[PDB]
Each structure stands twice: as C-alpha cells, then as structure tokens.
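Protein chains in written order, with the entry's author numbering: chain F, 1 to 75; chain D, 1 to 75; chain E, 1 to 493; chain C, 199 to 247; chain L, 2 to 110; chain H, 1 to 122. Where a beta carbon is used, it is the ideal one built from N, C-alpha and C, also for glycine.
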Amino acid sequence: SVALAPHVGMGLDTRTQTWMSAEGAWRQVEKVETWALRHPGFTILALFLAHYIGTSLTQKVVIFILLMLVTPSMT
Amino acid sequence: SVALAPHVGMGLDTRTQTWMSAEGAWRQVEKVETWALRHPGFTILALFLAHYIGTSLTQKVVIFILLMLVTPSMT
Amino acid sequence: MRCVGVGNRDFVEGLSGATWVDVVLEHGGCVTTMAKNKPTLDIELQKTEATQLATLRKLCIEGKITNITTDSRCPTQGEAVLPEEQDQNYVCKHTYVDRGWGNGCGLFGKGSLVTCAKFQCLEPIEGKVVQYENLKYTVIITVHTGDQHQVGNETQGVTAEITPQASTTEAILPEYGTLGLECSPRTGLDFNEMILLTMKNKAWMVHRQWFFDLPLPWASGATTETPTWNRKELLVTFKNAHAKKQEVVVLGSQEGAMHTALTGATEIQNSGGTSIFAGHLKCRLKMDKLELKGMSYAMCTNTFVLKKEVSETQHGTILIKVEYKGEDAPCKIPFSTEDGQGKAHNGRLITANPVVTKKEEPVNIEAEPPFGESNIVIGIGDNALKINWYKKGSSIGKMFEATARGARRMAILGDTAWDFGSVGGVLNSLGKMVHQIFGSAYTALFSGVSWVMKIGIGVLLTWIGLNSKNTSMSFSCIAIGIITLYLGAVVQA
Amino acid sequence: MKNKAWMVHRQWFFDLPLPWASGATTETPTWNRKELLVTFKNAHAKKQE
Amino acid sequence: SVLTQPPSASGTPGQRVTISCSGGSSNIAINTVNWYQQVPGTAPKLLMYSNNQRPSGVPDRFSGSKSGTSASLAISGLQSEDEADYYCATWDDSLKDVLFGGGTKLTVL
Amino acid sequence: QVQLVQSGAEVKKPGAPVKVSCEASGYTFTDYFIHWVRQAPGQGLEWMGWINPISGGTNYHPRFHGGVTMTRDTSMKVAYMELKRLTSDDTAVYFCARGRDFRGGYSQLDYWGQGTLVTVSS
Ligand SMILES: *[C@@H]1O[C@H](CO)[C@@H](O[C@@H]2O[C@H](CO)[C@@H](O[C@@H]3O[C@H](CO)[C@@H](O)[C@H](O)[C@@H]3O)[C@H](O)[C@H]2NC(C)=O)[C@H](O)[C@H]1NC(C)=O
Ligand SMILES: *[C@@H]1O[C@H](CO)[C@@H](O[C@@H]2O[C@H](CO)[C@@H](O[C@@H]3O[C@H](CO)[C@@H](O)[C@H](O)[C@@H]3O)[C@H](O)[C@H]2NC(C)=O)[C@H](O)[C@H]1NC(C)=O
C-alpha cells in the first residue's frame, strides 16, 4: 500500500507469528516520539488548548493526550 | 518504515508546488475516510465515550472528532 | 510421544457417555488426551493445504511511462482534447497554464493543457482466493508407545487427510484400533474472504475488504494477455512547476511500502501448491474402538536399570527411559510413587500403561509426580530401581498458570475456546453461547483497532467505570477494562 | 536518487529510518544500523529464517 | 537522450584506441555501463560485466571506465583475431529500459 | 552448465503470428531475467523487454508495446515470446539473454543463446 494503513487488528490472528511483530509493535509509537522530541512547539499550543477548554483533569488529560497524539500520526 | 512521517509541515516554504502536492493534500483524509467506510464499529464506541465524558456540547464534539481521527491514523 | 517438550501442549483428559471429546487443534500446538481405560495418544496439526487457486484483482506494483504526449488549446475556446486519451492504456489529466504571445496564442489568458502518458504494467502482484471446497487438512496421530528413540519424533505417526468432503475419517493405529475423527472445517477460518497475496517469492493472508482497499491500480485478475488497469493515477504523478509545462514521472517502486504495510498478516509457503499454515480446526475425537495393548500381559518381576538420565520438560512432566532386564517379552512395567514414605500414591502416570515390547532396547516411560518431594519406584524387590524427584512449585502456581494459558487460548481462538476440551455439558454450551454473543458484539466495536489504541481505550473506560455513579460502574469497569487491557497486553502474536 | 533530486531539511534527513554510511565511496561501505532494513521472522517456536 | 558511438579503424600493431560512448544525464552518467564485443554473425559475448570489471575477457589489455556523461574502452595489443563489433549498453532509468548503441565497426589491420 | 537452446530458426508469411521458444536450464531460473534482444542484419541490436519468470510481466521497449507479447512457465524453465503481427520490417534474428535484477545489472546480459532467426516474404 501507501504504508499508511497497515493491516493490523483484523482479529484473524493465530498462535503463529505475524509477518512483522517485533517492529510493528513500536513503529508508530516511535514515529510519534521522534516527532515530539524534534518539535516541541506544538506542545505549548496543545497544553493551552487542553487547559482553556472546560477543565476537569480527566478532560484536560484526555484532550491533551489525544491532541498531542493525533497531529504526529496524522500529519 | 520511511513511508511514515513525511515532512509536510517542515516549513521550508517555496513558491512552486512540491513533489506531490495533489495527492499528499488529501491522502491522509482519504485514509481516514476509507478506514471509516471499511469499519463502522468504532463510531458507536466514539459516540458512547463522548456522550459519557463530554459535560458540554463542545467538549463532546471535540472528543468525538479527536477519537474518530486518532484511531484510523494509529492503525 | 511427538508432544514432548513442545512448549504449547495442553492436557485434555476426559470423556463422555458415548466417549467423544472435542478439541481445537491450534496449528503448531499439539494436544494430548487421557482416559481411565484408553491409551494416551497425541494429536498435532500439520499442513493445511489448498489446490486450484482462483485469481482476482491482479495488482500492479511498478509502472513504466512511455510515449509522453501533450496538447494545448488557446485560452477561452474550450478544453484541450486528445483522441489518444480515450484508450485505457493512457493516463492523462489537464491543468491550466498561462498562454502568451511568447508561445503563440491569440491573446493572453489561461488555457487548458492535457498531457497523456502510456502506463505500462510491470511486476504485477497477484492476489488469489481459495474455493472453500479445495481446503485440505492433515492431522498426524502418534500414540504413546515408547520406542527406542520415539521422543518428540516428527515423521512418526499416522496421517489423516481430513477435507470438508470427508469430514469423518478412520485412523488405523498399530494394534490399538480405529480412532474416530469428527471435524468441522466450516469454522476453521473465514476462508470465504481470505486472499492469498503472492509477492515475488512470498505469500500471505489478508482480509478481503482491506485487499480491495490497497491504494494501487488493479486489473481484471483473469488470465488475459493484455491487462487493462484502473485508477492508474495513483502510481503516476504530474509535476506542474509554477505553471509553465507538464512533465510525468512513474513514482518508483512500491515494494518496500507493501512489505511495511502487511504488518499483521500471517505467512504461508508457496512451492507449487501452497500449504497455508497458521490455522485452527476443531475435531470431535471418537474413542470408541481404542483398546490397550498388553492388558492381559503378565506383570514381570525382575530388576530394571535406568539407561538415560531423567530429565523433566516444561510445565510439569518427566521422562524415564528404562530397559527391562529379564526374560518376559510380554512384561508390563509396575509403577508406584510414595512421598514422605507414605502410601499416598498421589499423582498420575501420564503414559497409559507402559509395556516392554522387546528386552534388548528400552521402552521409555513418562510420568507426572506431585509437587512435593516424592520418590518413584519401578520394579519389585530390594533391587527394584527407585528414582527420587523434587518438582518445584505449588498447586496454586499450577492453577495460576493454567488460568493464564486458558486466557491466552480464549483471546486467540475466539468463541471456539469453550468447545476446547469439552464433554457436552449443559453448563459449557450455555457459557459458549453467552460468550459468543458477548464477544461478537465486542469485536463488532473494535474491528480494526491497534495495540496502543486498545490499551488507551481500556484505560479510559476503566477510569470512566471507576468514578461513575450508578451500578453500571462495575459492569463497565470490570468487563470492558479487563478485556481490553488483557487484549492490548497480548495481541499481534 | 536515480535521475531525480530533492531538497529536504537537514534535521529531517537523519531522522528518517534507513541504514546509513560514511559516504566515502570506498566500494566497501560498512552500513550503520543494518538491523532496520533486514527483518527476522521466527515461526511458531522451532527454526528461524 | 540516446547514446551514439562512432565506428573507427585501427591496425594490428599494438596501440591504444578508445571506443568512446556518449550518453546523457539520465542514462549513463549515473549507472553502470556495459561493454559488448560481437564476433560477426553469431551471438555477442559480454566484455565488461561492470563499469570497469571484466568477467573472463582478454585480461590486462581490455580496460576502461566512464567520466561524467562519457564512457570509454581501451584495448592494447590488438591483433587480427579481435575483429569484432563493439557495443556499449547502459540502463536508462527515465524510460525504464536499457539503451543499446548503434555499434562500432572496429576493423584492425 | 547454463545455456539457451532457442529451438530452431523458422520463417513465415506476413499477417500470421510466429513463436520463438527459449529454454534455459542448469540454474534456478526464477531469480534471473530474460531480455529478448533483436538483431537485424548489418544493424545494431536493440533490447525490447524483460520477463521475470517468477512473477514478472512484460515491460517492452516503448517501440514495441502492443507489437510483441512475452509468456513463460516455471515448471519447465522456459520463456516464450511470440510476434502478434508480422510486417515487412521485422526481418532479423531474435535472441535471448540472462539478466540480473540489480539496478546496475539491468543491462547485465552475461549469457546468450544461438539466436532463432525469422524472416518474412511472399
Ligand atoms: C524417528 O523415527 C525414525 C523412523 O524410524 C528413526 O529412524 C530410525 O533410526 C534407527 C536408529 O536408531 C534405525 O535403526 C537402526 O538402523 C540401522 C541401519 O541404518 C541398524 O544397523 C541398527 O541396528 C538399527 O536397527 C531405524 O532403521 C530408523 N528407521 C527408519 C529410517 O525408518 C529415527 O531415529 C527417529 N528419531 C529421530 C530423532 O529422528
Ligand atoms: C512510443 O515512442 C517510441 C519512441 O520513443 C515510438 O517508436 C517509434 O516506432 C516507429 C515504428 O514502430 C519507428 O519508425 C521506424 O523507424 C525506423 C528508423 O530506421 C524506420 O526504418 C522504420 O521504417 C520505421 O519507420 C520510430 O523510429 C520509433 N521511434 C524511435 C525508435 O525513437 C513508438 O511508436 C511510440 N508508441 C506509440 C506512439 O504508441
């Protein structure tokens, strides 16, 4: 494919190993983390957006985590 | 692999268009759209989560849209 | 004894009124059965194969751009056209370019500019399907007769090719009888929509809708000589630099992108016919005619000697290799274990009833001692060989490990794990039905959710359950949080 | 690469995951991080390919 | 672009004669050139299976390399038995096809 | 050893399809290429198209797409090329050659056959 929609989580799994598990386990996460360490500018805006949206620490945390996670994965 | 993390927003602005502006302008939204059309199940879960966490209207809609964007991209 | 030391085996001891026990044969994992009066024999899946592959949606992975052509029209007198554009062999798309006295127009204005290119097939990647009829399953059967060197032997056994036509088969073992096999290949895997995506020298398992969603141009998939592609614009891009001309590039080779894409697909082997590994099949064993050899054999009285070292395998069972020293070819081996110098005789002889077929070379016993330090004797008399052993662990540890193993079985095997090792109990069937409806509703929600996203969703729902008000808090918290966390912990494996 | 060229921001030209070498064109490049490209698959227990 | 090499004459006394191959910025300036000599009327054999590497051709006297847009071959101690047509072929990567040359009628006196 | 028989030369009439068989044994045929280079009398030889036996499709020279077709079989390790249309132009001997899949080796035609010859006339 365009390698943007990996064939993952289809549910039709078996005891045997998949094509690539040791790397696909952390591929997307490592992309997000290298993004975040490269560019901290988005973090300030994400913190502000989570903070000034109606704030209960549950809501603030979930909004901040999602907003900091979505932009890197889906640029 | 390297197919992930394009430097779409890298900021080296230019007047002429880029390598693939036409496709890259919409490929991510295309991935999300085809993921949603393939799998309708996540919509119910996102609606449930937003409805039972969103205190207000705007918080609910923001939570719903972020959840519906992150998961297809994180797939 | 093909089952010894496989790291995935599981004991399925039990029978029923008419003596059937069902078991799901996970590929690469062998199950072992026991009974009060039946021989313990070992079952392992092998080589679920197919024939007569049907091909559809032959994809394209690399292009080739030839015969670059372009046509321009003067501004504001209609769009440019090319008679060559209609043919399906051409990719063509028109942008706008400013046209001037410097490039021969009538007046300054934006004008259409079609540019067409001859897309050519190169290195197609075919994805075939399997007619459900052609699925073929082979199950090997090894009985626990100790031979000289039959420990974990893989060629030894009796094959039983089980196909959906011959759902029921016999199994003529040597001097034991006929083991009956009732099967249900319908619920093995949803092969109504799998596609065998064959790469250069590799082939895989994929879901149907995902395969139709590969963003590459596709062909008819038939055996035609001149394929015609569709959505050809994907593999070719048009470079319009600051609106002066139009050039076309073929966008390289998507091979590595594909190899990175199929991050959750399984593997098969492509060598002539394809033997698709990585599948499970339930089989209702029939123990009707199995009879123990040497039931009436005389129990010999002489000293035994330990040829090979005692060595215990994983999850609590030990191997004893002993050669009889005497004169009774039909001898059967005595056995008894006494811990704390008591008469408890606790434990189980995991092998049915070992017998020395021939004196010269040992027949090797297998047995499972209790957790505590327990001695094991073999023969009879003062010189009777006695072997000490000390198993490490306690009963609660075994219970915890069994529970974890069962959870791993349930998560991967879906709704058929309740059929595993069953007797037909009314409680078991009701549990299977309830778990089936609940799990179907559950997986309907999460069709396509990943490792980390499932973990995060589980955390979020366990939190929303923890702090909620009304009595739905426990149901949501326990059910969804535990299920999602335990699936996030063990998935993609 | 091949007959085409590009301009990419330098900070982004080391973080894209691929094997890399000294670029001394000495005909025997010892590639750093070879593990990233080659992938090992271990079947259900048993052998390794 | 497309490659064109010239036909030329030579003599049986040993002398360096250069079969120059000229191409473009997409076909030979970046890729490995391949040199072929054919005994006329039969199957051509391969003379250079890399840029400057010969598999089993006449050693120590057939050696050449490429410079920028041009590739060249040098022959030393050329006798009569070397009467052959010499071909330079390079892989074009823009048109996704190899680009064989017209041919040299290398005649040796 | 590794070689290509290339069957025997045959000559036909215009307006009919001709076949050129080309078998190469002695090595694993799957990995390597077959190139099908044409050679005219008193003219230079030009290459037309690859065929990957294992999974490959036709990748003709731009001059020859829709003019020729290429097929193959893996069991017998033979590559087939046929001429769907014979004009007066194609009067030459057609070759076979083994090619590598290396980017620098697309032109690597190490081994050649005898050369099946076909000419067209009334
Ligand atoms: C797994 O099962 C196979 C099938 O039996 C075993 O092969 C067997 O190996 C034994 C050796 O322990 C062979 O017996 C010996 O044969 C030689 C002649 O080669 C003879 O001189 C000896 O006196 C003894 O009889 C036996 O013939 C052979 N059976 C065959 C090949 O069918 C194998 O050893 C087992 N174990 C493993 C780890 O593979
Ligand atoms: C795609 O482009 C290629 C060139 O890039 C076109 O090939 C051209 O094909 C024609 C006939 O097949 C060639 O004409 C021939 O020229 C020779 C020259 O000696 C002449 O002797 C013959 O009688 C014949 O007229 C033409 O030269 C050739 N162009 C080249 C080699 O540059 C091909 O036709 C194009 N395909 C299309 C437009 O569908």
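Span of the beta strand (DSSP E), counted from its first residue to its last, around residue i
{"i": "residue 124 of chain E", "result": "122-125"}
{"i": "residue 522 of chain E", "result": "Residue coverage of chain E in this structure runs from 1 to 493, which leaves residue 522 of chain E outside it and unanswerable."}
{"i": "residue 20 of chain L", "result": "18-23"}
{"i": "residue 70 of chain D", "result": "Counting along the chain, residue 70 of chain D falls outside any beta strand (DSSP E), though it belongs to the alpha helix (DSSP H) covering 57-74."}
{"i": "residue 94 of chain E", "result": "90-99"}
{"i": "residue 118 of chain E", "result": "109-119"}
{"i": "residue 36 of chain L", "result": "34-39"}
{"i": "residue 84 of chain H", "result": "Per DSSP, residue 84 of chain H belongs to no beta strand (DSSP E) and is neither H nor E."}
{"i": "residue 72 of chain H", "result": "68-73"}
{"i": "residue 271 of chain E", "result": "269-271"}
{"i": "residue 46 of chain E", "result": "41-49"}
{"i": "residue 26 of chain E", "result": "20-26"}
{"i": "residue 38 of chain H", "result": "37-39"}
{"i": "residue 101 of chain L", "result": "98-101"}
{"i": "residue 24 of chain D", "result": "First-last for residue 24 of chain D: 21-24, but that is the alpha helix (DSSP H), not the beta strand (DSSP E)."}
{"i": "residue 218 of chain E", "result": "It is not in any beta strand (DSSP E) - residue 218 of chain E carries neither H nor E in the DSSP assignment."}
Check: residue i C-beta below 6 Å from any heavy atom of ligand 1
{"i": "residue 65 of chain H", "result": "no"}
{"i": "residue 149 of chain E", "result": "yes"}
{"i": "residue 201 of chain E", "result": "no"}
{"i": "residue 270 of chain E", "result": "no"}
{"i": "residue 156 of chain E", "result": "yes"}
{"i": "residue 153 of chain E", "result": "yes"}
CB contact flag (residue i, residue j, <7 Å)
{"i": "residue 112 of chain E", "j": "residue 73 of chain E", "result": "yes"}
{"i": "residue 64 of chain L", "j": "residue 23 of chain L", "result": "no"}
{"i": "residue 68 of chain H", "j": "residue 83 of chain H", "result": "yes"}
{"i": "residue 86 of chain L", "j": "residue 39 of chain L", "result": "yes"}
{"i": "residue 278 of chain E", "j": "residue 16 of chain F", "result": "yes"}
{"i": "residue 59 of chain E", "j": "residue 218 of chain E", "result": "yes"}
{"i": "residue 290 of chain E", "j": "residue 39 of chain E", "result": "yes"}
{"i": "residue 445 of chain E", "j": "residue 45 of chain D", "result": "yes"}
{"i": "residue 21 of chain E", "j": "residue 29 of chain E", "result": "no"}
{"i": "residue 227 of chain E", "j": "residue 121 of chain E", "result": "yes"}
{"i": "residue 159 of chain E", "j": "residue 145 of chain E", "result": "no"}
{"i": "residue 367 of chain E", "j": "residue 349 of chain E", "result": "yes"}
{"i": "residue 157 of chain E", "j": "residue 141 of chain E", "result": "yes"}
{"i": "residue 12 of chain E", "j": "residue 23 of chain E", "result": "yes"}
{"i": "residue 254 of chain E", "j": "residue 61 of chain E", "result": "yes"}
Any non-hydrogen atom of ligand 2 within 6 Å of residue i CB
{"i": "residue 67 of chain E", "result": "yes"}
{"i": "residue 8 of chain L", "result": "no"}
{"i": "residue 62 of chain H", "result": "yes"}
Run of the alpha helix (DSSP H) containing residue i, from where it starts to where it stops
{"i": "residue 31 of chain D", "result": "27-38"}
{"i": "residue 46 of chain D", "result": "41-53"}
{"i": "residue 46 of chain H", "result": "Unbroken run through residue 46 of chain H is the beta strand (DSSP E), 45-47; no alpha helix (DSSP H)."}
Residue i CB to nearest heavy atom of ligand 4 below 6 Å
{"i": "residue 429 of chain E", "result": "No copy of ligand 4 appears in this structure; the ligands present are ligand 1 and ligand 2."}
| Segments of 4+ residues assigned as alpha helix (DSSP H) that fall wholly inside the stretch 444-492 of chain E | 451-466 and 483-489
| request: Could you name each continuous alpha helix (DSSP H) segment of 4 residues or more that falls completely within the stretch 306-346 of chain E, going from the start of the chain to the end? | output: The alpha helix (DSSP H) runs lying completely inside the stretch 306-346 of chain E and spanning 4 residues or more number zero.
| query | At what residue ranges does the stretch 240-264 of chain E contain a whole run of the beta strand (DSSP E), taking only runs of 3 or more? | reply | 247-249
| message | What ranges does the beta strand (DSSP E) occupy inside the stretch 365-435 of chain E, keeping only unbroken runs of at least 3 residues that lie completely in it? | response | 374-377 and 386-389
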